[PDB]
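Okay, here we've got a single chain as structure tokens, the form deposited in one PDB entry, with questions on binding and movement later.
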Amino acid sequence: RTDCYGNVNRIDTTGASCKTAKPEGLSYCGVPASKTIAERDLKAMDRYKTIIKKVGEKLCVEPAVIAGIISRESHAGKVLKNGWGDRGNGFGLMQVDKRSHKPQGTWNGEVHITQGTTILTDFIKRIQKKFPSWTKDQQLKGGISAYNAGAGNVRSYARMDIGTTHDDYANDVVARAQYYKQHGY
């Protein structure tokens, strides 16, 4: 089962900001930019599809959401050096920060993906308690936004991403996820 925290197809999104799209070599931004970048990572992503779907079922989170996060954080591993981000702080496909959590497992295995996803479900649970009035799908978006900037940065539904990296974290991840949803995740 994977619908415990909501469904990504029901989340409204404005996609990648131009700050995310331009460095990727696109001349346009928004949802189409997020989907094109997600398509570029699909071959690399498919290498971990079995593990991503397995962890999603295990934690009751959509495999599509895990894939969107992996695409944004590390381009499915293409941007990493032995699992490390370019500043040496982030580890693995989902980039768990070594200064905040001791990384577990190999950089591209089930243990790592389970750790990153558990960190995500903890943020979703925090937003659920912080905004009880929101719908489940709204809380899922808040949860994803907090994965980048912390629960303290989510003060409203409308402006949640301001303050995240490129001011578009959840919006961009949700769009990439909607793409993976249509392509096997």
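Throughout, we count residues from 1 along the sequence that is shown.
Not on display, but discussed next: the form deposited with a small molecule bound.
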{"query": "The unique member of 149, 44, 31, 26 whose heavy atoms fall within 4.5 Å of the small molecule in the deposited complex", "finding": "149"}
{"query": "Touches the small molecule in the deposited complex: residue 123 (any heavy atom, 4.5 Å)", "finding": "yes"}
{"query": "Interface membership of residue 95, the small molecule in the deposited complex, 4.5 Å heavy atom rule", "finding": "yes"}
{"query": "Residue 101 within 4.5 Å of the small molecule in the deposited complex, heavy atoms", "finding": "yes"}
{"query": "Close approach of residue 106 to the small molecule in the deposited complex, 4.5 Å, heavy atom", "finding": "no"}
{"query": "Listed range touching the small molecule, judged in the deposited complex by heavy atoms within 4.5 Å, from 45 to 53, 32 to 40, 129 to 137, 149 to 157", "finding": "149 to 157"}
